[PDB]
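Peer 1: Fold the following.
(11 chains)
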Amino acid sequence: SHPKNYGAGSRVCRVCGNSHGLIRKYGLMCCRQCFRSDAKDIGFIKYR
Amino acid sequence: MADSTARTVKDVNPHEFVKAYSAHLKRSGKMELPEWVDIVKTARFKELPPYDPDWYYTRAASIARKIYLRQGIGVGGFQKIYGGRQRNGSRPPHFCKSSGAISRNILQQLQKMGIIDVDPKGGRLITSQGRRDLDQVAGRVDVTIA
Amino acid sequence: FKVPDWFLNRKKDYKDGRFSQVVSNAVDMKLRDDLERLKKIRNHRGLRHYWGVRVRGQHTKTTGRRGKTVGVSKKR
Amino acid sequence: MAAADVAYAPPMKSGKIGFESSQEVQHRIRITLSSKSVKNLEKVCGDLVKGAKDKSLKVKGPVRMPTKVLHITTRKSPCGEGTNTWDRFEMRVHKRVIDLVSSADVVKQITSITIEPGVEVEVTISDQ
Amino acid sequence: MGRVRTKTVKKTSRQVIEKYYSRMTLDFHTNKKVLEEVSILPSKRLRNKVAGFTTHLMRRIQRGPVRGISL
Amino acid sequence: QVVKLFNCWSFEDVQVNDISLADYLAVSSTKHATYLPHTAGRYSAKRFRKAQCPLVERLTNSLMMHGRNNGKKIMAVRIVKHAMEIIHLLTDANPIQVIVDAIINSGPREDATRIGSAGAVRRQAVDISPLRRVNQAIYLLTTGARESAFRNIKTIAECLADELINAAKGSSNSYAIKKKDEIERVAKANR
Amino acid sequence: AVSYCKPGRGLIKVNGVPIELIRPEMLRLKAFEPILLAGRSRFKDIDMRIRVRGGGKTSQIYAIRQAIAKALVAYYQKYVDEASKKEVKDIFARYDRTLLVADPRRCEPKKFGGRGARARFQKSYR
Amino acid sequence: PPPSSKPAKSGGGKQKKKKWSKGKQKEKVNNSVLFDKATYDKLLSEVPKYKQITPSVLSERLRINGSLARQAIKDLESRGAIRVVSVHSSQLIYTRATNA
Amino acid sequence: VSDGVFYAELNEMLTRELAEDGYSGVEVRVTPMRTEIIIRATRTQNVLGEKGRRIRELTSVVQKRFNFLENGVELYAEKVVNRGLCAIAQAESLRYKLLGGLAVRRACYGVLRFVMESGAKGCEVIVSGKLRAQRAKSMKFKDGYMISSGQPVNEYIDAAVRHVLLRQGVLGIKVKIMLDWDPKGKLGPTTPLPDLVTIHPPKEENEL
RNA sequence: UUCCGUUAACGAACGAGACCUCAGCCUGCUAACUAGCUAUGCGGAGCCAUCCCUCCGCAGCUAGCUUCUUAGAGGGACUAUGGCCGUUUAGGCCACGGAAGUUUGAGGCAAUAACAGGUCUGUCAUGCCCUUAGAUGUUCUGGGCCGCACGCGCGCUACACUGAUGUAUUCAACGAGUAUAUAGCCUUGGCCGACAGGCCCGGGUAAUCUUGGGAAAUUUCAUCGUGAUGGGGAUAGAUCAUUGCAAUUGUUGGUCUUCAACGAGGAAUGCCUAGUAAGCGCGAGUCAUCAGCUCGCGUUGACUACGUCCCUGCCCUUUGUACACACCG
RNA sequence: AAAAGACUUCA
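Peer 2: Residues are numbered from 1 along each chain as shown, chains lettered A, B, ... in the order given. Here you go, the structure:
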């Protein structure tokens, strides 16, 4: 029913359907801007 | 000169120490090359028919001097210092270095001689006999430096 | 060093003789012939040689004064 | 001149192991209490409380060695659609603060976990 | 450039002097201590700024009346 | 004491004949002058005195830049060190004196700045406050030295050295002295 | 015994100096100082204060300056040597000050922001 | 250095070609003309006579032979006391007339 | 570094769950081997409701997704210690007027009509443009102070979002509040803090 | 709109300044073998051969040690002081102290309101419209963006001897190692390979191990000799490895061979005012593989101005306006 | 100071 497969390469997140994407945050780096505003990374707490 | 023998190993200018020390290595029974050389041993130019004045004895001498002070240093430490092997812009290319076989082979000859022993994870270690060989020769070197 | 042809004689034209490190006149002569090999088999590399456009995937976005002919005014 | 036969030999205690005795002779001390918090003020406060516990126990152990900064530091203009200026500087500093004790008794272990002053400080009783 | 007094500094400097005056001095170092007693200022540089400005004013007062300071 | 400046040359042996030039070439610093590599806030005050001077320090820094690309302070010190001994042995006189002589000769009185005003471009000349004279003389010397080096077997230290002696003699063989009188000629005439 | 370290500071990189006032050696990294930096005007910076001073045998300096390039190395050692002897002698107060010491700069490498090709030198267009 | 021409479409600009070769040297040094008399009497002695000490590199330009030609010659002469050579990192040195 | 990634994933759990969510906020403190996970809502009663099934559905799911140990966890009801500071209800209440309608402008005013009531000192409510389905031209309303951006870190800023889907046009929102500091006293308005003493016949005098 | 003062206006709020972040100065404060330095021994090396001297170990111990490192909490600058100038004020200029006199230096916040700026291709945010089994869904296979007679921008590399080549010197900083499967993500060490690379062990989800981040510029001893030069490294062909099932319009790297234009760039035009210009490397990001890129970081480091508004953009007055679609009027 | 001119519709 299915055919032939082979097609490893750049995985891709759930959050972005985009070739480039992040392991760190589970985001994209445009999605990341939202998270940057939120802080979200430990030892970081806004307003820089 | 006799008083000088211990201290001089350190306090002398390294470049001219290597030039002096290399002559002493000509005396040694080793200096075995076994035909590893032929394809292109080193950077560009220095495939090793020119090696007898230019390259070989000074290569051996530099390794010998360094191991004394810096002791516990293995093959990978030697490769980088003599080498460049920095990432090119792809437009640059200049030389392409080697050094992995080269360092291994010379260090092996020194081990046969009894200069070097192998720390099991710490790299190559200078022996007591190796230190004696370095320091005794260095006595003679002091005269021209000073 | 040496340099010696090998493989079953079956294949008609060329082979490569094993990266010519014989050198002097012989390598220079073979250099011209090597382009003809690619043309003869009818590889895309040979089609590119035939056209006069440089083969080995350079940018061509601009630059092509080298690539097939010199700087001639406009375009198309 | 000469003559040294060495090991450690004059008896025990190192900066690695805070030697103590009883408990079938205690040769077990090496606990690391590692404090990872969002806010530095809370993190520092936690360390002070740990020092108090050590003093109470039997033997007061050494104070914090607060170690290093770890940075994931991001400037990306998220998109303009052709923007090459005016990015935004959100940088993450993070510190891991390590307090060793002179004696990690069974008593020390239980008190540290049960009353733990961390609100957003996560401080870990942790492996050899 | 740089070193002009702000409105926040101007209001505070007059007020401290007015109702602390006998204790206040021409001396910079002691009047730094006074600002700890009279207010909490969060950073170091704020304390030094106010202390310096007030002492300059204290000199002027003891050499002729100052426009907005009455003791 | 055995004061340095390459540990071969004194600098209080330099007598600066032009009195006005002497005051703006400081040959003595707070303990005495020397050449050692350092750093130095020289600001950008004008009119009046505006910096302390070491002749060698000014020389090395100008060489590092002008005659473009590559160079370093350490590289520039190296060529200067070589050049000074060459000059010293060719004049049989302290080489610091020779450069001071060169600077005063090769320092024009007046300039020929490009200012466009109304319907024409006038050069009426503008100031050349004396540190600017020092820099300008060396700059002209450097471009001359560079030209020779490019297509001929001569090290830049030697190229510079020859011109320096020539400039300190009014000899138009030097690039710098030739250009000094070029600027003045146009500036004065077209007033 | 005798080993007193007075921290100068001035440019990146820090020299921890155990100094004993005695015999006239200069060392850094357990090797003689002018030979270490041979053929350099910057070696003479270090040598400046054990020449100009009139004092030779007054410092056996052992110096270790650790971890960043060979170029930096000279400067720090000079300053420490002045200060150590200054504690003893009240006449060599005018020796530390007047032979010039102490600039950290306070402008030690600045931040790189976007738009910069290097950090402060903006791109060739934009 | 001189500037350049200008571009054209096809073209590229150069403008300068150099002074051009003379002083091939080392070949000439080995053969008898320069090995015997010519270098010692004509070239080597006379430039230091004019100005008592002269650097090698200035003299190279005047005589119009390369440096390496006299590299060997300077060593032979210096032993005699005819020349005084020095040192330098960039290998610069002197030709000197007489000691005394 | 790796620990920082782990922390970020824990925060992500709150973001997904408390996306839409018609209650109000969730601070979380993590005690040994259990998560306290505290809901800070008026209608914290409905979401729990005790025993049932409801409470177990909330917990279990989160654990299998992301945390450690086949065990239970904890869930706590809380009041609100000023509804200003942080919420989710603050945005949702405005949405619950942009249902059945009433003037959009009037609804904006009503949110502010609260907030200042519970202290605040300044408030800015800002409601998405496109009144009468025209082009966007966002409308303010503000009384007092209010610093989202400018002055110090510790302004205590409420911020949210939401959307209201009409036939013709979206009406966004972003309720914003600059309130007090954490109720216990620790007030510090706008970073430099002036203060005097009372009156100078001294031998006693000191204050702050 | 920083302030004083005149003062039909008084007193506020917003922006900015302030603040926040980050770089400075402290054998101060508090600590630390998961960071160091000393002191002490020193098994260990060398020399006087003899104590000693000198070197050596991220342990040989100790420390009453914290200078660096690390990070918490402080104080430190307020143009202090003195003198000039000024309504004798707000101030500005200089001298001295001082680490710093300059909003402390450098960044971040940077508004009300405006723009039919840009993004429906960040998002199961979304109105409306279409489409929707012969899909504009989705999945699979293959190709594209790489196409080139030529215009433009960001860039890269040069024209050389302040340089290339070849030995030689041999020293880091900001960061980061996701279970990734049978050691796999970073990889030291040992073999083997000229290279690229392979292989076997081991440590490390990390102040520890990788990493003294032993990096490049630079630095030194030769070669060269001013030559389209061996500078430059183009285009091309063969061959071998690495990643991927697969490498082609050569993914990338190397080897062999080819040995370009370029001899300092015009009309024009950008950026820059002492840790900045220029040269120089690196890590992180995208990532199976691919960086001439970006974003930070170290390193080497100025000539010239510290003035003015000519050029240029905008702000406050007065003045003009037939403009308001606002001079592209 | 004389080198400065044009410039679609809904608007």
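Peer 1: residue boundaries of the strands in chain B?
Peer 2: Assigned by DSSP state E, the strands in chain B fall at B:116-119, B:123-126.
Peer 1: Packing partners of the first one?
Peer 2: When contacts are defined as 3 or more Cβ pairs under 8 Å, 6 or more residues apart in numbering or on different chains; DSSP states H and E, strand B:116-119 sits against helix B:100-113, strand B:123-126. Quick note: C-beta positions are derived from backbone N, CA and C, even for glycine.
Peer 1: Mean neighbour count for the strands of chain B - can I get that in CSV?
Peer 2: Formatted as CSV, the strands of chain B follow (neighbours: other Cβ atoms under 10 Å in any protein chain shown):
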stretch, mean neighbour count
strand B:116-119, 15
strand B:123-126, 20
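Peer 1: Include distance to residue I:192 when you put these into CSV, please.
Peer 2: Shown next, in CSV, are those (distance: least, Cβ to Cβ, whole Å):
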stretch, distance to residue I:192
strand B:116-119, 62
strand B:123-126, 59
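Peer 1: returning to what we had before: let me know which of the helices and strands packed on strand B:116-119 is tucked in deepest.
Peer 2: Per residue and on average, the most neighbours among the helices and strands packed on strand B:116-119 fall to strand B:123-126, with a mean of 20 (mean count of other Cβ atoms under 10 Å in any protein chain shown).
Peer 1: Can you name every helix or strand that that strand contacts?
Peer 2: Strand B:123-126 packs on helix B:56-70, helix B:75-82, strand B:116-119, going by 3+ Cβ pairs under 8 Å, 6+ apart.
Peer 1: what comes up buried for the lengthiest helix in chain D?
Peer 2: The longest helix of chain D (DSSP state H) is helix D:40-57. For helix D:40-57, burial by neighbour count (16 or more other Cβ atoms under 10 Å in any protein chain shown) applies to D:43-47, D:49-51, D:53-54, D:57.
Peer 1: Quick check: the residue of chain D nearest chain E.
Peer 2: Scanning chain D for proximity to chain E using Cβ to the nearest Cβ identifies residue D:41 as nearest, at 13.3 Å.
Peer 1: separation between that residue and chain B?
Peer 2: Distance of residue D:41 to chain B, given as Cβ to the nearest Cβ, to the nearest Å: 43 Å.
Peer 1: on that earlier part again, of the strands of chain B, which approaches residue B:11 most closely?
Peer 2: strand B:123-126 (18.4 Å; Cβ to Cβ).
Peer 1: Does the residue of chain F found nearest chain C lie in a helix or a strand, and which?
Peer 2: Here the residue of chain F nearest chain C is residue F:69; by Cβ to the nearest Cβ that distance is 25.1 Å. Assigned by DSSP states H and E, residue F:69 falls within no helix or strand.
Peer 1: how much space is there between it and RNA strand J?
Peer 2: Per Cβ to the nearest atom of the strand, to the nearest Å, residue F:69 is found 6 Å from RNA strand J.
Peer 1: Please apply the same query to residue I:40.
Peer 2: 23 Å.
Peer 1: Could you give the bridge partners of that residue?
Peer 2: Listed beta-bridge partners, residue I:40: residue I:78 (assigned using DSSP bridges).
Peer 1: Export the helix or strand that contains residue E:55 to PDB, keeping only CA atoms.
Peer 2: Using DSSP H and E, residue E:55 sits in helix E:44-61. In PDB, the C-alpha atoms belonging to helix E:44-61 read as follows (Å, rounded to 0.1, in the frame of the first residue of the first chain):
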ATOM      1  CA  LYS E  44      25.100  53.600  44.500                       C
ATOM      2  CA  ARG E  45      25.400  56.500  42.000                       C
ATOM      3  CA  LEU E  46      22.100  58.100  43.100                       C
ATOM      4  CA  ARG E  47      23.300  58.500  46.600                       C
ATOM      5  CA  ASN E  48      26.600  60.100  45.500                       C
ATOM      6  CA  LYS E  49      24.800  62.500  43.100                       C
ATOM      7  CA  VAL E  50      22.400  63.900  45.700                       C
ATOM      8  CA  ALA E  51      25.200  64.100  48.400                       C
ATOM      9  CA  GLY E  52      27.500  66.100  46.200                       C
ATOM     10  CA  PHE E  53      24.800  68.600  45.000                       C
ATOM     11  CA  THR E  54      23.500  69.200  48.600                       C
ATOM     12  CA  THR E  55      27.000  70.100  50.000                       C
ATOM     13  CA  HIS E  56      27.500  72.600  47.200                       C
ATOM     14  CA  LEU E  57      24.200  74.200  48.100                       C
ATOM     15  CA  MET E  58      25.200  74.200  51.800                       C
ATOM     16  CA  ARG E  59      28.300  76.300  51.000                       C
ATOM     17  CA  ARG E  60      26.100  78.900  49.100                       C
ATOM     18  CA  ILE E  61      23.600  79.200  51.900                       C
END
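Peer 1: so residue I:158 makes contact with residue I:174?
Peer 2: No: assessed by Cβ atoms under 8 Å, residue I:158 is found out of contact with residue I:174, at 9.8 Å.
Peer 1: Pick out whichever of the two has more residues nearby.
Peer 2: residue I:158 (24 against 17; other Cβ atoms under 10 Å in any protein chain shown).
Peer 1: quick one: the more buried one from chain H, how far?
Peer 2: Separation of residue I:158 from chain H (Cβ to the nearest Cβ) stands at 63 Å.
Peer 1: Let me see the contact set for that residue.
Peer 2: Taking Cβ atoms under 8 Å, 6 or more residues apart in numbering or on different chains, we find residue I:158 in contact with I:84-87, I:90, I:175-179.
Peer 1: And those, which is closest to residue C:50?
Peer 2: For these, the nearest to residue C:50 is residue I:176 (69.3 Å; Cβ to Cβ).
Peer 1: Give me the secondary structure label for residue I:123.
Peer 2: At residue I:123 the chain is in strand, as set by DSSP: H, G, I helix; E, B strand; the rest coil.
Peer 1: who touches the residue positioned nearest the centre of chain C in this structure?
Peer 2: Centrality entry for chain C: nearest residue to the mean C-alpha point is residue C:35, 3.2 Å, by Cα atoms, centre = their mean. Contact analysis of residue C:35 by Cβ under 8 Å, 6+ apart lists C:46, C:49.
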